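Heads up, the thing below is written out as structure tokens.
Each reported figure results from applying straightforward, stated rules to the coordinates on display, with no laboratory input. Counting neighbours? That spans all protein chains shown, and the Cβs are built from the backbone with ideal geometry, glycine included.
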Amino acid sequence: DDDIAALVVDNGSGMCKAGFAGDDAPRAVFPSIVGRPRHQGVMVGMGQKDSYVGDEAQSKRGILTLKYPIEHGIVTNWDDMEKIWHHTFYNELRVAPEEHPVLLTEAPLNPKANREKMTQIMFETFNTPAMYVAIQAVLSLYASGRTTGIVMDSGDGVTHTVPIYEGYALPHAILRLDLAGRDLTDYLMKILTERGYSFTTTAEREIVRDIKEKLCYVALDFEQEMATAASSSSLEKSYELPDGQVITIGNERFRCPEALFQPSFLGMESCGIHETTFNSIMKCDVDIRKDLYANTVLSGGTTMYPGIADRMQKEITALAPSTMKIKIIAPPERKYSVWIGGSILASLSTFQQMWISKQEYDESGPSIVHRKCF
Amino acid sequence: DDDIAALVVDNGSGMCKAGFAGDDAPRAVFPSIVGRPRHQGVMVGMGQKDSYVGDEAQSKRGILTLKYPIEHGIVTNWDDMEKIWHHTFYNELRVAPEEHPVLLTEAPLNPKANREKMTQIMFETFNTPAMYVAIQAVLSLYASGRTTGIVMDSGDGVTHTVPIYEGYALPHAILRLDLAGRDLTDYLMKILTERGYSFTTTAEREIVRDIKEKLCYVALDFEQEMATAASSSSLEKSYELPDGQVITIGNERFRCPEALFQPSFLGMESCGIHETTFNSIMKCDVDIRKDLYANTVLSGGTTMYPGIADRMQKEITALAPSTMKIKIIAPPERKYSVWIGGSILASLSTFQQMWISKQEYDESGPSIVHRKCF
Amino acid sequence: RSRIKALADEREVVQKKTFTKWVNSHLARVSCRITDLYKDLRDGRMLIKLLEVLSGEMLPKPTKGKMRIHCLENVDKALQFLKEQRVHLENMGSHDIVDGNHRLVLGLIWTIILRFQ
Amino acid sequence: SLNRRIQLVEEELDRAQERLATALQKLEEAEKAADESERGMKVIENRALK
Amino acid sequence: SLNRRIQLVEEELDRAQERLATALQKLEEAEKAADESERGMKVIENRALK
Amino acid sequence: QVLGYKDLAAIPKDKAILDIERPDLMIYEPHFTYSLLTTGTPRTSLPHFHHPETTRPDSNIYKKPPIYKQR
Ligand SMILES: Nc1ncnc2c1ncn2[C@@H]1O[C@H](COP(=O)(O)OP(=O)(O)O)[C@@H](O)[C@H]1O
Ligand SMILES: Nc1ncnc2c1ncn2[C@@H]1O[C@H](COP(=O)(O)OP(=O)(O)O)[C@@H](O)[C@H]1O
């Protein structure tokens, strides 16, 4: 065996994951933030750390200003991304980047300057021998185990749907929506003010994200759920803040995820995720719709709410003709699916011809990634 | 004619104002302070009085503990607010409360319970025929006389900006910041200790508030103002305490209002008021930003400092693209503008179908205010 | 069994063994030896000795104190010399070494290994 | 000498109390996991019969 | 008086230690019960899936 | 790269993903423990507040008496 397996790096807006090719699991999973101290520090002899990256930034949220380098799938600031990649390579994996190829993922519809700068940074600074760029939903379909279906990926930055039939992707039916978990977090921060709880700064935003992850679910019938919540207090949960205070949310629990299906709550005019999937299906041809109906795959951390699969199945069945069969397939491991199939893509013997070599980059500049990738 | 003027009551964090609908100016203006004695009473034979309300508390503040029933736009002590409203109705206006309708204002984002309590006390304890709860920024836009614009209102307890285009408000762009004149007074106390003056008790809080009202201004350029104040003693003023001592305010005249633009002085992470207005404008749609730039409206007493409009215009002009007009509209009578809006709101012919009747309250409880009020 | 943690830990133990064997191989030149990589790097003296042996260049005196901030000083001196030798380190602090973060101390040892030889 | 004895006894006792507290909270997590798994068991079995 | 403190703190330490021990034993038996429950869940899952 | 690069860094021998058949029926960490401490729905827009009611069209609301005086 050649081994020398390529590093698989999944860089999204929410969390960064990294591991070795051919493994069932990523080795390192950590939030993608960069923090800097904001208070004047007076302790001489105390060690000075300029910035905090990763989990130890999350452990010291009190005296830091947390910044996200990736917003809606676009790398806004590049020095923070360089720091994140350096910490991923040298501290979390303990590998030398010169000895391995790497495989990165991105959203379908992104500015090409993002991809060009990513390739240029990965070659010039880290001296990788080869690197590849892929689309996350294709790797999700790899990890699902079928060659035909429609992938509805929803990360923390962007939610996109692609159809693939027999290994052929239709780019004119690819749909991208800028509704994701960060908008839900901001909406939760807004609607938590009604009960008197106030959260403003970034550490409180992380606490609100924890509240959203712990206590949220999607209602099957929204109006009847609202009537039930208003009638009695049978749906109420209590969360404990890091300072010992106990808050009660109650009615809000199913109101935060409902903004996924009704974007009019946030002021957007766009349709929900179910209508986006339906329109992406009907943008395809006639005969392939029956197969795409039976292979709808969910992915991403945003699709981890309880009861989302039944709601999506009901909405699609309401939208679709009655005689067809709707089957929403949702793995219990969708949260890592974008990583998993990527490892499979690095395990293939054919894929060794798909790497962008150092010689090709030197010969053709940083624009070779448009011809080589997708 | 059987048309009775409805009372307009503006209840803010600092002062309470009250008058009749259709009038040019409020009849009564008095501070919202409830005081109680803190010493031994030995002169037996004098009358005993448990609580001091309004200007009576301010005249005898030397022997009282002054408490504000409303802090940060949220009322906490309900019996003190009952005393304030009752003194407004019976001693400052001398009207029967059960004859006239009333109109009340509040901050945009607040705990949901307050409105309900504000209904329940008003219908039951005072037996008014009808009432309505409005939002202060909309009434400021009424008083400005224009249908479209962006209103920034900063009182003694809260700051909020709303955009309104052609009468349609955008609720997802409404911004609330918890920075106001109370924190500026506290920061003035904290920076006045440098010169050697000590102010601790609540009477000293009133004295420091008076000093801030008389001898403060906003510098157009902060660094040049600091350099000029360090270069010579031309930028110095003198104040006389009620004891008869003389203090020299010196450098601290413009450092206190500068905290409105750089909230890092107070330890807050949030941005300044100018960036708040700019972010509220950029959160709106593309086609209405040009009209929102030309119609910026200032409001509230906290915006009363000299040199505030020039600094606001310069900062927003620096932030905005260099093509469009930046016009800051600040009426001279801005401190009362919210109340003036109320006088226009209760005089419209169509507003008589907007009152919340006692019959509807009896039918649907105190939760009717969420359905019938914005 | 939280398979992420299992894979990370089984890589972790073997890398710790190999790193401490290499560290003992260089640290046997002077009459020094470590038995646990985690506890012995808290004081900051062993790092200074290893850095002096590998670089062949002298270092400032460690402070002979048993306080917490004395340990912080002793670690910070070694990290300051590493910053003087063009070695680039993100989020690498003295308190991270003192309280004993596993990933950060392993990354530090790996960085010295890749920088010097 | 006995005053020197006091403080180390107290410190050891405090550490033991901390270990006991973290053990208790782990215990309550385990019990909640158990009964949640129980009704999940029941509903899945019901679907199988249907 | 200071001997009297020594006596009371010794009582407290001994009781706290053995309470910690019984908490650990309860933890262990609950954990292995959870393992039995999870195989039961998995096998009825697989039957329904087929 | 003493002892070789590949021996210093414990790069895995084998591909564990190749052993499993269906990645869909996989869970890394076993379960989730939480302890307390027809037709489709049409889209809905937010209500207005500038007019009293739309209960009956072609109605002149200025002719109607005020609500509070109806006793
Ligand atoms: N258990 C959970 N339940 C509900 N939402 C979750 C859960 N875990 C994570 N999330 C949401 O998913 C987001 C993480 O998505 P993720 O898949 O990591 O994005 P990406 O990997 O594309 O960067 C978080 O912002 C969080 O809001
Ligand atoms: N002429 C002035 N110059 C500077 N500051 C003022 C002036 N008048 C009032 N203020 C400040 O404004 C505050 C009063 O705000 P106000 O407009 O009464 O809010 P609200 O009406 O919501 O109670 C006072 O605390 C005072 O500090």
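Distances over 33 Å make up what percent of all Cα-Cα pairs in chain B? Intermediate values should be presented prior to the final figure.
Numbers: 24771 of 69751 pairs.
Here the long-distance tail beyond 33 Å is 36 percent of all Cα pairs in chain B.
Quote the Stokes-Einstein diffusion coefficient, in whole µm² s⁻¹, for the range B:133-251, based on the Kirkwood radius over alpha carbon pairs, a temperature of 20 °C and a viscosity of 1.002 mPa s.
Values: Rh = 17.3 Å.
Approximately 124 µm²/s, per Stokes-Einstein.
Scalar couplings 3J(HN,Hα) for the range A:123-139, obtained by applying the Karplus form with A = 6.51, B = -1.76, C = 1.60 to θ = phi - 60°, are 7, 6, 8, 8, 6, 6, x, 7, 7, 9, 10, 10, 9, 5, 5, 5, 5 Hz; x denotes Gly and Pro.
Over all directions, what mean area does the Cα convex hull of chain F project, stated in square nanometres? Can you show the working numbers first?
Numbers: hull surface 74.4 nm².
That works out to 18.6 nm², a quarter of the Cα hull's surface.
The value of relative contact order for chain B, using C-alpha pairs under 8 Å at least six residues apart, is 19 percent. For the range B:242-257, the Karplus equation 6.51 cos²θ - 1.76 cosθ + 1.60, evaluated at θ = phi - 60°, returns couplings of x, 5, x, 6, 10, 10, 10, 6, x, 5, 6, 6, 9, 6, 5, x Hz by residue, with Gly and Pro reported as x. The range A:105-138 and the range B:269-288 have Cα centres spaced 33 Å apart. Its residue count N sets the reference 2.2 N^0.38 Å, and the alpha-carbon radius of gyration of the range A:210-263 equals 1.20 times that reference.
Summary of the geometry: the range A:68-89 and the range B:1-52, compared by the centres of their Cα atoms, lie 57 Å apart. Simple rule: put +1 on each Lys or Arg Cβ and -1 on each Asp or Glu Cβ in chain A, find the dipole, and look at A:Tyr197, A:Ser357, A:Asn11; the Cα lying farthest toward the positive end is A:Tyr197.
Taking every residue in E:28-36 and counting other chain Cβ atoms within 10 Å of its Cβ, the average works out to 3.
Say a site is exposed when it is one of the GluC sites (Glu not before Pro), sits in a DSSP loop, and has at most 10 other Cβ atoms within 10 Å; what is then the longest site-free stretch of chain A? Don't skip to the end; give the middle numbers.
Values: sites that count: A:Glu166, A:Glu269.
Counting at most 10 other Cβ atoms within 10 Å as exposed, the longest clean stretch of chain A is A:1-165.
In what sequence do B:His86, C:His95, F:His50 fall when counting other Cβ within 10 Å, fewest first? If you can, show how the numbers build up before the last one.
Numbers: B:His86 14, C:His95 17, F:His50 9.
The order, fewest Cβ neighbours first, is F:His50, B:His86, C:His95.
Between amide H atoms placed 1.01 Å from N, distances below 5 Å from A:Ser198 occur with no residue 5 or more places distant or on a separate chain.
How would you rank C:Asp40, A:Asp23, A:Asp291, B:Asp79, going from fewest to most other Cβ atoms within 10 Å of each one's own Cβ?
Numbers: C:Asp40 18, A:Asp23 21, A:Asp291 15, B:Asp79 10.
Ordered from fewest to most neighbouring Cβ atoms within 10 Å, C:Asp40, A:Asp23, A:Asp291, B:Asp79 come out as B:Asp79, A:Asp291, C:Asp40, A:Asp23.
Projected onto planes of every orientation and averaged, the convex hull of the alpha-carbon atoms in the range A:43-202 covers 13.8 nm². Normalised by residue count, the range A:8-113 yields a Cα convex hull volume of 132 Å³ per residue.
Considering every Cα-Cα pair within the range A:263-355, what fraction, in whole percent, is farther apart than 21 Å?
Values: 2043 of 4278 pairs.
More than 21 Å apart: 48 percent of the Cα pairs in the range A:263-355.
Per the Debye calculation on the range B:85-125 with a single equal scatterer at every Cα and no solvent contribution, log₁₀ I(q)/I(0) for q = 0.15, 0.18, 0.30, 0.32 Å⁻¹ amounts to -0.44, -0.61, -1.13, -1.19.
Taking chain D on its own, what percent of its Cα-Cα pair distances exceed 14 Å? Looking at chain D, the distances longer than 14 Å represent 70 percent of pairs.
Based on alpha carbons, the Rg and Dmax found for the range C:1-75 are 15.1, 47 Å.
For the range A:300-340, taking the reciprocal of the average inverse distance between every pair of different Cα atoms yields a Kirkwood hydrodynamic radius of 11.5 Å. Under a 5 Å amide H cut-off, with hydrogens placed 1.01 Å from N, A:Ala134 pairs with A:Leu104, A:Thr105, A:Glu106 among residues at least 5 apart or on other chains.
Under the definition of partner shielding as Cβ atoms of other protein chains within 10 Å of a residue Cβ, what is the mean value for peptide A:83-95?
Working: counts 3, 1, 1, 4, 7, 0, 1, 10, 13, 5, 6, 15, 7.
Neighbouring Cβ atoms belonging to other protein chains average 6 per residue here.
Converting phi to 3J(HN,Hα) with the Karplus coefficients 6.51, -1.76 and 1.60 and the offset θ = phi - 60°, the range E:32-38 yields 6, 4, 4, 4, 4, 4, 6 Hz in sequence order, with x at every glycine or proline.
Rank the residues B:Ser347, C:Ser94, A:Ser343, C:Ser2 as a footprinting-exposure proxy: fewest other Cβ atoms within 10 Å of their Cβ go first. Walk me through the intermediate numbers first.
Numbers: B:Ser347 16, C:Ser94 24, A:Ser343 27, C:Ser2 12.
Result, fewest neighbours first: C:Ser2, B:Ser347, C:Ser94, A:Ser343.
Mean sequence separation of contacting Cα pairs (under 8 Å, at least six apart), scaled by the length of chain C, corresponds to a relative contact order of 25 percent. Note on the protein assembly as shown: Kirkwood radius taken over Cα pairs, Stokes-Einstein applied at 10 °C and 1.306 mPa s, translational D equal to 47 µm² s⁻¹. Here is the P(r) of the range B:199-298: all C-alpha pair distances, binned every 5 Å from 0, give 2, 10, 15, 16, 16, 14, 11, 7, 5, 3, 1, 0 in whole percents.
The alpha carbon centroids of the range C:94-117 and the range C:9-72 are separated by 10 Å.
Counting only other chain Cβ atoms within 10 Å of each residue's Cβ, the peptide B:168-180 averages 2.
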